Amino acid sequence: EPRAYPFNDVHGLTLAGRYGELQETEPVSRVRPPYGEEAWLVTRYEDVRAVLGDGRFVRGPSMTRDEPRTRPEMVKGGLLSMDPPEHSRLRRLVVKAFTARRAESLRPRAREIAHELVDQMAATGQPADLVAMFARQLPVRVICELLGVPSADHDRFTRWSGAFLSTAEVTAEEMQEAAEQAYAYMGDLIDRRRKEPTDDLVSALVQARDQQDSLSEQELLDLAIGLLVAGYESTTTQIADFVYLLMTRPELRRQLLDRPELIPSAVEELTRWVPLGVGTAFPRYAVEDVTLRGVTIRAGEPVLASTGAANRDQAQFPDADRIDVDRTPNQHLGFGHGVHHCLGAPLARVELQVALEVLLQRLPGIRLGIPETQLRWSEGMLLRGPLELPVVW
């Protein structure tokens, strides 16, 4: 009686119909994922928001439970693995360094980088893979700027990061090697900035105080790396998906060309609309019994709260399936909700606005280089997006 989950076809960005159906008739329902525990699946915008924001649903048991998931091999730890108060402490310190202003200050470099990337892509000739040449390039490089990795080092570092993508074609031996390398490198860099502070995120992380309390050498390392993993795959896949949408929907492209100042609010709207995850990601566990739409979730059970479904809930967004770049209000859960809500959001927004702005300015007539139906989609199973987006212009 639990439904096989996930419901989404990875071959595209379609939101499965099961979701809407369950929002009507079974808003708290049972699912069996391909790996880990059978779980509750919550699909209404209201209930998903409730779950993500309730002190009774925790992440700490993730370290010691077989989480419902679409992959076999699980990455654990980081901030997404912690509860208040331990989480609060680390999060307080990080966001003191990692301000909205710091996010904004990187806009110019993000533009330079995107432009250079479009330069290298143009140089290969048409068709050109926008996935490999731009999408998988821009966010890791922006992360390098943010952190304060010297430019001489961006290429080597970018290359180490590629092994952490769910779509990477690599051995466990190949991957440890890259991990040990990025760790060793991040550590040295942290040491250097502590001895000799600059204006980069690493320096500000080293010097962040929250009343007498500070980040340890271990917390600083794990955090720097955590931001790269949190900030890379997601933003890459989201740039890809967004441009896919741009190239397949004439009205979407025409409005952003006519009024580039709509790009920000379009980024919001696409963030709501694109159901980015194969599944729901990041199960919450009940610390005690909880009743929701009249069903009792018992203490210790996992809960999958689908932001992808939430964001297309007809009860919260008028004509939820329509892409309206002018949507007001637009309180989507694209970037999570509650204490774990994406701490990279301000930067992510900057990158997404910049990828669209620059792509549109340089290749206003960029479009698929092959039929939509021939597109090869990623079967990495964490996120949904093209493995290759060949484009012409």
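Here, rigid core means the biggest group of C-alpha atoms that superpose within 1.5 Å across both forms. All residue numbers refer to positions in the sequence shown, first residue = 1.
Undergrad: On a core superposition, give the stretch, 73 to 81 or 282 to 290, with the larger average C-alpha separation from this form in 5 other deposited structures of this protein (RMS over structures and residues).
TA: The more displaced stretch in 5 other deposited structures of this protein turns out to be 73 to 81.
Undergrad: Pick between 364 to 372 and 322 to 330: the one whose mean CA B-factor in the entry is higher.
TA: Mean CA B-factor is higher for 364 to 372.
Undergrad: Which has higher Cα B-factors on average according to the PDB entry: 256 to 264 or 303 to 311?
TA: Taking the mean C-alpha B-factor of 303 to 311 and of 256 to 264, the larger value falls to 256 to 264.
Undergrad: Whose CA atom has the top B-factor in the entry, of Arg272, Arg298, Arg91, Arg71?
TA: Result of the comparison over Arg272, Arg298, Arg91, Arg71: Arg71.
Undergrad: Can you tell me which of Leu228, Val278, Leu221, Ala122 has the highest Cα temperature factor in the record?
TA: Going by the entry's C-alpha B-factors, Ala122 comes out highest.
Undergrad: What third of the chain does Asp191 rank in for C-alpha temperature factor, lowest, middle or highest?
TA: Answer is highest: the recorded C-alpha B-factor places it there.
Undergrad: What third of its chain's C-alpha B-factors does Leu359 belong to: lowest, middle or highest?
TA: Highest third.
Undergrad: According to the PDB entry, is the CA B factor of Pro84 in the bottom, middle or top third of its chain, that is, lowest, middle or highest?
TA: It falls in the bottom third of the chain.
Undergrad: When the modelled residues of the chain are sorted by Cα temperature factor, does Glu112 land in the lowest, middle or highest third?
TA: For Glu112, whose C-alpha B-factor we compare with every modelled residue in the chain, the answer is the highest third.
Undergrad: Which third of the chain does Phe157 land in by C-alpha B-factor: lowest, middle or highest?
TA: For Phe157, whose C-alpha B-factor we compare with every modelled residue in the chain, the answer is the highest third.
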